[PDB]
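Given next, in structure tokens, is a single chain: the form deposited in one PDB entry.
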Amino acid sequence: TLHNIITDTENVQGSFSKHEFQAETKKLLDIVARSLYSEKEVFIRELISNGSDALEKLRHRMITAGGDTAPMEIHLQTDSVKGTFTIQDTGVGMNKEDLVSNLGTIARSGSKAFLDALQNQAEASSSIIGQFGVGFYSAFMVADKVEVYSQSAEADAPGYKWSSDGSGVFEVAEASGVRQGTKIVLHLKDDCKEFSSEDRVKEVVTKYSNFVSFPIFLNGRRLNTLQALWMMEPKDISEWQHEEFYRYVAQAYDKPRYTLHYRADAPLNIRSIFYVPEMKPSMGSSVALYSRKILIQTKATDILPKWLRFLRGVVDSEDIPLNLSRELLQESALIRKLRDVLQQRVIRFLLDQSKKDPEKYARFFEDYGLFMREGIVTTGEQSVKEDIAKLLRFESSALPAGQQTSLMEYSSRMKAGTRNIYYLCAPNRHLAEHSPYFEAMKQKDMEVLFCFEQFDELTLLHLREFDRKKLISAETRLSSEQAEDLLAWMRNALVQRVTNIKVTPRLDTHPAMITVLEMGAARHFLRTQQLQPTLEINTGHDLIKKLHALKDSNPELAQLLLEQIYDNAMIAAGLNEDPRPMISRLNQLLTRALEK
């Protein structure tokens, strides 16, 4: 039942023509000026990156041809009356040829050609921003008219003025007295007047350009007072520096409980700092992606797994393949490898923390454990599930209350014969301990992990196996007649509440206790509060004898006592942490009990 029209029927007739690809220059200028970026305001990032590069080139040239130490800076000036934005740098400048060539040719990048000719070890290799040779045109998105004044450091070259409205044509004339470097004046469009506002420009500078190497001045005032901490040697950074830097990058007010300062060169140049905040859950609300100190993404997308989104901080890579918009990354095996690498690194880091300070790590796991569980559930690589699962903490049968263990430790206590991992996911200890399913493998000496946390169950279900070992849920006085009179009677006043009633000798201080056979039911019971309980009675307890003796004497009163015993055992089993519904009834019981 196929329908295909694609058939190999074409044959070349005659001789071929040769052509070269062309460009619709005027339309391309418009696309490059207006259609590259998600935001107009990005022309400021672009113009500042250009000033930086101009300064970096001058710095590079002074290594050999030492000149006059002139200060290396980027000045911005707003004029809210005229509607102008002006930026000036004291860098390398541009003679007439270079203005014509660099500014007049779409995609021509003098910075890229400069980079290509460097020693790979030159400091400038890693800090020159420009590649594509189009960022300058972003100015035309916000300006009706652009004027560029430039003076090169040269053979007494004259200064020049370059000017365009941005519609296919530009003009060049000689000028004086242009200071060494480059001044750019934007005459802002009516709908872009906000960029002649000081406060608005400041917002943009701090967003994208806050860690630019060279001093930025706005109307004569210094902005970028913050050092790119990630580019520094880990041991030259004090804890107070991290605390301040964390607060800044995470927009937080507390301190990091964990700090990881990760540096490496393969698969990419990476300089990074990750923080785990002190404060628990529930814009600066994730790890930012930088490149050569310029923000790429406020919220980095492709470099960390989703389960690590609770990390704050910064990743900077010099050689990460940038999308043309410079707010996205290109699809790349190197970026994928980076994510895998970072995932392993953070895992290793958190593991080391568990050893160094287990108590502190326990606090961490209580607050952030949900992310590990999420990671294990949502990832498809079995090897990855098992790496994240090393971070997991549980409780155990062969261990005291409150004390925690990992799967590896459990794995270390398994007799070399049997090779599978038994767990019981339950609301609490009392419920887990008194599980008939657990009582089975209590006699059969067999350690069982008690998993009390939310989503512990499907975490292990989605985990399936660990350490090539299998995880399987462990779910596969008063005479004797006086008691039976009582049990027959209690079984009637709670017909609509409990499936089963028993007697047990294992009770001491308690008149009764509640047990459950299905942990999944108790959870369904625990979350459903806008079950088949099985209470057991202590025939030696006073309240129970007092009950038996009372059902005949004060039938009304004896049922107050009964429901109290039931509710109390319910509370002991942690199946009723909000006993507000019982209080009035209890106050009635107490009162009737006290005809003293």
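Quick note: we count residues from 1 along the sequence shown, nothing fancier. In this text, rigid core is short for the largest set of C-alphas that superpose within 1.5 Å between two forms.
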Worksheet item: Is residue 283 missing in a third or more of the other PDB entries that were compared?
Response: yes
Worksheet item: Thinking of the other compared PDB entries, is residue 390 one of those residues unmodelled in at least a third of them?
Response: no
Worksheet item: How many residues sit between residue 282 and residue 283 in the deposited sequence but have no coordinates: none, 1 to 3, 4 to 9, or 10 or more?
Response: 4 to 9
Practice prompt. Quick one: classify how much of the deposited chain lacks coordinates between residue 530 and residue 531, choosing none, 1 to 3, 4 to 9, or 10 or more.
Written response: 10 or more
Item to complete: Select between 431-439 and 243-251 the stretch whose C-alpha atoms have the higher average B-factor in the entry.
Response: 431-439
Practice prompt. Could you settle it for me: does 441-449 or 269-277 have the higher average Cα B factor in the PDB entry?
Written response: 441-449
Worksheet item: When the CA B-factors of 348, 419, 202, 373 are compared as recorded in the entry, which is the largest?
Response: 419
Worksheet item: Of the options 492, 209, 138, 378, which has the highest CA B factor as deposited?
Response: 492
Practice prompt. Relative to the other modelled residues of the same chain, rank the CA B-factor of residue 502 and answer lowest, middle or highest third.
Written response: highest
Item to complete: Would you check the entry's CA temperature factor for residue 215 and let me know if it's in the chain's lowest, middle or highest third?
Response: lowest
Discussion item. Per the entry's values, where does residue 71 land by CA temperature factor relative to the rest of its chain, in the lowest, middle or highest third?
Written reply: middle
Worksheet item: Where does residue 467 sit by CA temperature factor within its chain: lowest, middle or highest third?
Response: highest
Fill in: For residue 84, the third of its chain into which the C-alpha B factor falls
lowest
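One more form of this protein exists, namely the form deposited in another entry; it is left out here, but the text below deals with it.
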Practice prompt. Might you check 259, 196, 90, 404 and identify the only one whose CA position changes by 2 Å or more between the shown form and the other one on rigid-core superposition?
Written response: 404
Worksheet item: Any CA movement of 2 Å or more for residue 147 between the shown form and the other one, core superposed?
Response: no
Practice prompt. Align on the rigid core first; then say whether the Cα of residue 174 has moved by at least 2 Å between the shown form and the other one.
Written response: no
Fill in: CA of residue 209, rigid core aligned, shift of 2 Å or more between the shown form and the other one
no
